[PDB]
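Source file: my_file-v6.tsv; contents: TSV, C-alpha atoms and all ligand atoms.
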chain	number	residue	atom	x	y	z
A	4	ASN	CA	19.32	10.91	-9.85
A	5	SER	CA	23.15	10.99	-8.92
A	6	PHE	CA	23.67	7.21	-8.81
A	7	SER	CA	27.23	6.04	-8.08
A	8	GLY	CA	29.03	2.74	-7.82
A	9	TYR	CA	26.49	0.73	-9.82
A	10	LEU	CA	27.40	-2.19	-12.08
A	11	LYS	CA	25.56	-2.14	-15.47
A	12	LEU	CA	23.87	-5.56	-16.11
A	13	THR	CA	21.92	-4.65	-19.26
A	14	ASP	CA	21.29	-1.45	-21.29
A	15	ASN	CA	18.64	-0.38	-18.72
A	16	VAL	CA	19.32	-2.43	-15.49
A	17	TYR	CA	22.04	-1.38	-12.93
A	18	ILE	CA	22.86	-3.03	-9.58
A	19	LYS	CA	24.64	-1.97	-6.35
A	20	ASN	CA	25.26	-3.60	-2.96
A	21	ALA	CA	23.55	-0.93	-0.83
A	22	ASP	CA	20.69	-0.20	1.60
A	23	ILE	CA	17.85	1.36	-0.52
A	24	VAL	CA	17.23	3.93	2.30
A	25	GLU	CA	20.84	5.18	2.19
A	26	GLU	CA	20.68	5.37	-1.61
A	27	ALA	CA	17.45	7.41	-1.48
A	28	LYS	CA	18.92	9.90	1.04
A	29	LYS	CA	22.09	10.40	-1.05
A	30	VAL	CA	20.59	10.40	-4.59
A	31	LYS	CA	17.18	12.08	-3.91
A	32	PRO	CA	15.72	10.14	-6.91
A	33	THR	CA	12.56	11.16	-8.76
A	34	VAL	CA	11.12	7.67	-7.89
A	35	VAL	CA	11.83	5.12	-5.13
A	36	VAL	CA	10.01	1.77	-5.36
A	37	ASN	CA	8.48	0.21	-2.23
A	38	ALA	CA	7.95	-3.63	-2.09
A	39	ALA	CA	4.44	-3.14	-0.67
A	40	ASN	CA	1.44	-5.33	0.30
A	41	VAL	CA	-2.17	-4.67	-0.88
A	42	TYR	CA	-3.10	-2.65	2.25
A	43	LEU	CA	0.10	-0.58	2.26
A	44	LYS	CA	0.87	-1.62	5.86
A	45	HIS	CA	4.63	-1.05	6.05
A	46	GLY	CA	5.53	-3.51	8.79
A	47	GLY	CA	8.98	-4.80	7.84
A	48	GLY	CA	11.55	-5.36	5.13
A	49	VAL	CA	11.99	-2.57	2.53
A	50	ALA	CA	8.55	-1.07	3.45
A	51	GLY	CA	9.30	-0.83	7.16
A	52	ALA	CA	12.75	0.70	6.45
A	53	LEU	CA	11.45	3.34	4.00
A	54	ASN	CA	8.54	4.23	6.35
A	55	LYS	CA	10.88	4.51	9.38
A	56	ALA	CA	13.14	6.90	7.42
A	57	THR	CA	10.09	9.19	6.83
A	58	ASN	CA	9.28	9.07	10.61
A	59	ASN	CA	5.93	7.37	9.82
A	60	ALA	CA	4.79	10.13	7.35
A	61	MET	CA	4.60	7.42	4.62
A	62	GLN	CA	2.29	5.23	6.75
A	63	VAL	CA	-0.12	8.16	7.58
A	64	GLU	CA	-0.39	9.04	3.86
A	65	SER	CA	-0.80	5.30	2.92
A	66	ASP	CA	-3.66	4.85	5.44
A	67	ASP	CA	-5.47	7.87	3.93
A	68	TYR	CA	-4.98	6.45	0.40
A	69	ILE	CA	-6.47	3.08	1.43
A	70	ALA	CA	-9.45	4.83	3.14
A	71	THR	CA	-10.33	6.70	-0.07
A	72	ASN	CA	-9.28	4.17	-2.78
A	73	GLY	CA	-9.32	0.70	-1.24
A	74	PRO	CA	-6.51	-1.89	-1.42
A	75	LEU	CA	-4.28	-2.45	-4.40
A	76	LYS	CA	-4.44	-5.69	-6.45
A	77	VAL	CA	-1.52	-8.18	-6.55
A	78	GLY	CA	0.60	-7.11	-9.51
A	79	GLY	CA	-0.59	-3.49	-9.16
A	80	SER	CA	0.72	-0.15	-7.89
A	81	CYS	CA	0.05	3.40	-6.80
A	82	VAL	CA	2.15	6.58	-6.82
A	83	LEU	CA	2.30	8.51	-3.54
A	84	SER	CA	4.74	11.15	-2.11
A	85	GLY	CA	8.39	10.17	-1.65
A	86	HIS	CA	8.54	12.49	1.40
A	87	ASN	CA	12.24	13.22	2.30
A	88	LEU	CA	13.54	10.20	0.29
A	89	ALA	CA	12.36	10.92	-3.28
A	90	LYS	CA	9.92	13.10	-5.29
A	91	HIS	CA	7.56	10.04	-5.50
A	92	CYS	CA	7.20	6.56	-4.03
A	93	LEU	CA	5.86	3.87	-6.43
A	94	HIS	CA	4.28	1.23	-4.13
A	95	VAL	CA	4.30	-2.11	-5.99
A	96	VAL	CA	2.70	-5.41	-4.92
A	97	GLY	CA	4.50	-8.55	-6.08
A	98	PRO	CA	2.85	-11.99	-5.53
A	99	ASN	CA	3.41	-13.78	-2.22
A	100	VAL	CA	3.92	-17.30	-3.73
A	101	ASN	CA	4.15	-18.80	-0.20
A	102	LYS	CA	0.45	-17.85	0.17
A	103	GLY	CA	-0.62	-19.29	-3.23
A	104	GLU	CA	-0.45	-16.10	-5.30
A	105	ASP	CA	0.59	-16.77	-8.88
A	106	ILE	CA	4.23	-16.25	-9.92
A	107	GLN	CA	3.09	-14.94	-13.33
A	108	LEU	CA	1.95	-11.79	-11.48
A	109	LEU	CA	5.62	-10.91	-10.84
A	110	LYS	CA	5.76	-9.83	-14.55
A	111	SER	CA	2.68	-7.59	-13.95
A	112	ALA	CA	4.37	-6.13	-10.86
A	113	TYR	CA	7.54	-5.17	-12.75
A	114	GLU	CA	5.45	-3.74	-15.69
A	115	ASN	CA	4.49	-0.83	-13.32
A	116	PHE	CA	8.12	0.36	-13.43
A	117	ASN	CA	7.66	1.24	-17.14
A	118	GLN	CA	5.55	4.31	-16.31
A	119	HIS	CA	8.72	6.02	-14.91
A	120	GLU	CA	11.87	6.90	-16.85
A	121	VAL	CA	14.30	6.32	-13.94
A	122	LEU	CA	13.69	4.39	-10.67
A	123	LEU	CA	15.63	3.31	-7.51
A	124	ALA	CA	14.17	-0.12	-6.55
A	125	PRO	CA	14.55	-3.36	-4.60
A	126	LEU	CA	13.95	-6.87	-6.02
A	127	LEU	CA	10.24	-7.86	-5.80
A	128	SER	CA	8.66	-10.93	-4.19
A	129	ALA	CA	11.94	-12.02	-2.58
A	130	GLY	CA	12.29	-12.89	1.17
A	131	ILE	CA	8.98	-13.66	3.01
A	132	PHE	CA	7.13	-13.50	-0.36
A	133	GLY	CA	8.97	-16.70	-1.38
A	134	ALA	CA	10.17	-16.11	-4.91
A	135	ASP	CA	13.74	-17.00	-5.80
A	136	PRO	CA	15.63	-13.65	-5.93
A	137	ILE	CA	17.70	-14.69	-8.99
A	138	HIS	CA	14.41	-15.56	-10.82
A	139	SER	CA	13.03	-12.16	-9.69
A	140	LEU	CA	16.08	-10.40	-11.28
A	141	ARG	CA	15.50	-12.39	-14.57
A	142	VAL	CA	11.82	-11.20	-14.67
A	143	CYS	CA	12.99	-7.58	-14.01
A	144	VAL	CA	15.53	-7.71	-16.84
A	145	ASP	CA	12.92	-9.22	-19.29
A	146	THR	CA	10.09	-6.82	-18.35
A	147	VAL	CA	11.48	-3.42	-17.40
A	148	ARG	CA	12.37	-1.18	-20.38
A	149	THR	CA	12.99	2.10	-18.49
A	150	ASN	CA	16.14	2.74	-16.39
A	151	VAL	CA	16.21	0.87	-13.10
A	152	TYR	CA	18.86	1.09	-10.34
A	153	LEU	CA	18.55	-1.91	-8.03
A	154	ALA	CA	19.75	-1.70	-4.44
A	155	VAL	CA	20.60	-5.15	-2.95
A	156	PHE	CA	21.43	-4.88	0.77
A	157	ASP	CA	22.74	-8.44	1.47
A	158	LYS	CA	26.25	-8.78	0.07
A	159	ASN	CA	25.86	-12.60	-0.14
A	160	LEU	CA	22.80	-12.16	-2.38
A	161	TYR	CA	24.44	-9.35	-4.43
A	162	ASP	CA	27.38	-11.66	-5.22
A	163	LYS	CA	25.07	-14.58	-6.26
A	164	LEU	CA	23.13	-12.22	-8.57
A	165	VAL	CA	26.24	-10.77	-10.23
A	166	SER	CA	27.74	-14.31	-10.65
A	167	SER	CA	24.51	-15.73	-12.16
A	168	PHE	CA	23.99	-12.76	-14.44
A	169	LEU	CA	27.41	-11.92	-15.88
B	1	LIG	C1	8.41	-9.07	0.36
B	1	LIG	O1	9.22	-8.41	-0.60
B	1	LIG	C2	10.60	-8.43	-0.41
B	1	LIG	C3	11.44	-7.78	-1.30
B	1	LIG	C4	12.79	-7.66	-1.01
B	1	LIG	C5	13.34	-8.22	0.14
B	1	LIG	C6	14.82	-8.09	0.46
B	1	LIG	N1	15.29	-6.71	0.38
B	1	LIG	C7	15.36	-5.95	1.49
B	1	LIG	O2	14.87	-6.31	2.56
B	1	LIG	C8	16.09	-4.63	1.35
B	1	LIG	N2	16.65	-4.36	0.15
B	1	LIG	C9	17.32	-3.21	0.02
B	1	LIG	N3	17.51	-2.25	0.93
B	1	LIG	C10	16.94	-2.54	2.12
B	1	LIG	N4	16.94	-1.75	3.23
B	1	LIG	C11	16.27	-2.41	4.23
B	1	LIG	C12	15.80	-3.60	3.77
B	1	LIG	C13	16.22	-3.71	2.42
B	1	LIG	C14	15.70	-8.97	-0.47
B	1	LIG	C15	15.64	-10.45	-0.10
B	1	LIG	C16	17.10	-8.45	-0.47
B	1	LIG	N5	18.08	-8.70	0.39
B	1	LIG	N6	19.12	-7.89	0.12
B	1	LIG	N7	18.77	-7.19	-0.91
B	1	LIG	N8	17.51	-7.53	-1.31
B	1	LIG	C17	12.48	-8.88	1.01
B	1	LIG	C18	11.13	-8.99	0.75
This structure in structure tokens:
Amino acid sequence: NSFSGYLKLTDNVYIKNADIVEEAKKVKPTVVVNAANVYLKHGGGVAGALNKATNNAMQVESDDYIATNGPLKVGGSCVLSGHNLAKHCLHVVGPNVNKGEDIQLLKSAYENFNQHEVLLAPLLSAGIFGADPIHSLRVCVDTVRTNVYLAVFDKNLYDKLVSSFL
């Protein structure tokens, strides 16, 4: 958990302008959060990048989990191996509001982070899922009580978040 160059936003929320994959390789955190979908099909975004950095080992393990357990629910999670990136990967499903899923489930999604003392994570429900990323950071700050290190890859978004927050 050797995090460096983060800006502290609250007592338990830190932020850095970085690619979450590069952070995972350097830090080797106990937990890396994936912004997953209910079938754990890691096709793009954070999920595609984390899976690519495991050389598809994350996808093979995710397919076996879905065969035995079935899909996750929106707002839910599962803990699987972190492979070469972390001890564990916490796969979390935020609502896709562009497909009618309720924005109140974004609070349920961030509540999963509270089972882990320290996490490396992206913002949930942003991008193709349609939630406003500044609103997603406000839900994170109001829901997560354990120590979260947020990696924001787009510098333009990182600057908007830091301006809106502090
Ligand atoms: C569907 O769920 C999401 C949830 C996060 C997002 C976007 N995050 C990423 O795609 C991302 N974040 C950190 N490291 C990364 N490495 C490769 C991709 C990547 C949001 C918009 C964003 N942009 N810049 N920082 N965060 C897109 C969709």
### Message
Using all atoms listed in the file - which residues lie no farther than 9 Å from the point (11.1, 2.8, -8.5) in the file's frame? Write them as a ChimeraX atom specification.
### Response
/A:32-37,91-95,115-116,119,121-125,151-153
### Query
So which residues touch stretch 76-78 of chain A within 7 Å, counting only C-alpha atoms, skipping near sequence neighbours fewer than 3 positions away, as a ChimeraX atom specification?
/A:41,96-98,108-109,111-112
### Message
Neighbouring residues of ligand LIG 1 (chain B) are defined here as those with any atom at most 6 Å from a ligand atom, counting only C-alpha atoms and all ligand atoms; list them as a ChimeraX atom specification.
### Response
/A:22-24,38,48-49,52,125-132,154-157
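Closest approach to residue A:148 from the set A:15, A:88, A:4, A:80 is made by A:15, with distances taken over only C-alpha atoms.
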### Task
Taking (23.5, 1.8, -20.4) in the file's own coordinates, collect the residues within 12 Å, counting only C-alpha atoms, and hand them back as a list in words.
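Residues with an atom close enough to that point: residues 9, 10, 11, 12, 13, 14, 15, 16, 17, 18, 148, 149, 150, 151 and 152 of chain A.
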